[PDB]
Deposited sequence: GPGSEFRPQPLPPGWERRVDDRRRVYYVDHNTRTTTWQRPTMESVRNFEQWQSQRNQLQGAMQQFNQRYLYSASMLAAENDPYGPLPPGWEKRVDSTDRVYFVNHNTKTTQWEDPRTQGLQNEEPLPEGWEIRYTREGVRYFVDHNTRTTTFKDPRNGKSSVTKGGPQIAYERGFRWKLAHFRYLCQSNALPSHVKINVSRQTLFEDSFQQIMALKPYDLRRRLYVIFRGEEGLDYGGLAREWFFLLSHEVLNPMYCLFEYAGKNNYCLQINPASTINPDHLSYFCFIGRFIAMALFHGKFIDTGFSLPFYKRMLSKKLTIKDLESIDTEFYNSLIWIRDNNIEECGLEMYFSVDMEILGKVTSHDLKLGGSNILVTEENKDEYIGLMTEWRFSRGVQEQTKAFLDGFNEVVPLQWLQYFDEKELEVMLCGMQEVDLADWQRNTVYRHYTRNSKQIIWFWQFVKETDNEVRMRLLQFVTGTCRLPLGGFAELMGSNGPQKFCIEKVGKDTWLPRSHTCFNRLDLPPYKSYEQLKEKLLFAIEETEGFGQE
């Protein structure tokens, strides 16, 4: 009774057997090739992709304006004594270091950081008056007690800021301290970049990817921009449907994820390794990519734990399914769930012997536990390991230790200047009008702040630092087009929530600009979790 009712092959497509009797398919049209039986559906994804990855001619021009980040040596002082207190600059003369305190116009020959380098993870800072304090990125705390001398100054202590500049300058250094000499030659044709890039990288030992990068495109320059270019194109190139590597959670190109069916491709692990070494290489040589993984993917890289609000980002209908079971009686409601999942079709047991354990109130929380874990890692575990190991042999993941996921995404992706007019014209208000005090204040906040907090605000709401390609008018959600939207919720004692799939900032009606600036800034900086 209907053993096979699939689609026929679209004309211009031949099924084949290879030298070992696997089955592959050949788009006679595009003169291309895939392991995965085509539907007339998936071709329009490929067409949705060929349109992306052909029209990206001018995506390049913006993506180089993107090379705003941190004027590397021009703005990265990881001096081991640490910084000069405010108003102090360092100087030299007869090859002898003098110190000027512009704060006072005196001049010492003694460095004011009085000799004993401080432990892994700690940063010295000073204050608008001058007092030295200490920032502990191993716990995101700030005591006044020096880690070495147990010492201090009377106390009235300080709130934690993240120090990205400093966490980055320590990364840059770690990368250049392990860089090898000579160069590694990457030779690719534009028509075959990928197949090409894959084979080369995957034939090198990992250390060689740490030599200088000499990329050249057969038939065409500056070595630097070609490296920018290579990473740009190749980042879009692994996204290509015919390879079966990644799918997407929501419609269009929303919420990129490892496809669990990539196993139809018998080399998929070697590609996740390849893709893995590729992202590491981009970081290690200070080049951006543009593939855009989801924030809970970066969290697995940091090996932080995947909470239930990360689940809201990647499958909004599955997360509502779990919240409902969590906040309502399920003996009251007539369904019959067990500790297993049907997903290709095979029943996998969240727990030992799950498939014959009824989900009762007694254990519905343990169910929601396992359910969340499974959702994040259904069928893509090797794929993930493959990628992480591929990454790890080129940049050891431990070098990422003091980064949160929303920093790890600015290090890969870029950091463009946000167009403030385009943002506010293409913003929609639920339970506000453009004359609402919280809304006027919100854009005063946005004009008044700086670009790094604008990026984090955007990461907090939409889930990504990448502004979409066609203005904020084309910003996308999990159900397709979904403009940035600010919505009045609760009273002034609440905290801002975010709904990443609908690009919705839930913004309580605060009684002042000062309270709003505060309550909000805290929310966009807050990262839960530890790795």
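Residues of the deposited sequence with no modelled C-alpha atom fall in the ranges 1 to 2, 117 to 122, 164 to 166, 232 to 233, 358 to 361, 549 to 550.
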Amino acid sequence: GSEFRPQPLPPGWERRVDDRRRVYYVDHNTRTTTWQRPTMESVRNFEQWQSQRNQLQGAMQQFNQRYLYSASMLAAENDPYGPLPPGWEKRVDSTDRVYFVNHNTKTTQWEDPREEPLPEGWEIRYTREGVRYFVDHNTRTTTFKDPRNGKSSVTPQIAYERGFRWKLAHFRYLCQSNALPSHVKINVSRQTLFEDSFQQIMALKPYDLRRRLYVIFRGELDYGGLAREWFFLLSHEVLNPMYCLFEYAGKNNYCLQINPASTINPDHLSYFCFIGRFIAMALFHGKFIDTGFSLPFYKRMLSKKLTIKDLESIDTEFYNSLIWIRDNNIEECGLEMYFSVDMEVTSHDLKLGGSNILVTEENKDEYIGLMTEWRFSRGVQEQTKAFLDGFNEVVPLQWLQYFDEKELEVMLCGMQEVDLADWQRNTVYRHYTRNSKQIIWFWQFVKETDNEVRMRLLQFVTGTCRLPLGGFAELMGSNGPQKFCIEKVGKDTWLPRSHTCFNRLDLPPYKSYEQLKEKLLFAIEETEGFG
From here on, numbers count along this sequence of modelled residues.
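Of the two segments examined, 81 to 89 and 281 to 289, it is 81 to 89 that shows the higher average Cα temperature factor in the deposited entry. Per the PDB record, of the two stretches 156 to 164 and 370 to 378, 156 to 164 carries the greater mean B-factor over its C-alpha atoms.
As recorded in the PDB entry, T127 shows the highest C-alpha B-factor of the residues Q257, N328, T127, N320. Highest C-alpha temperature factor among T464, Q36, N503, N29 per the entry: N29.
Per the PDB record, residue ranking by Cα B-factor puts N479 in the middle third of the chain. Placement of the Cα temperature factor of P117 within the chain: highest third of the modelled residues, per the deposited record. In the PDB entry, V489 places in the middle third of its chain by CA B-factor.
Annotation for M343: C-alpha temperature factor in the highest third relative to the rest of the modelled chain, per the entry. Annotation for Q401: C-alpha temperature factor in the lowest third relative to the rest of the modelled chain, per the entry.
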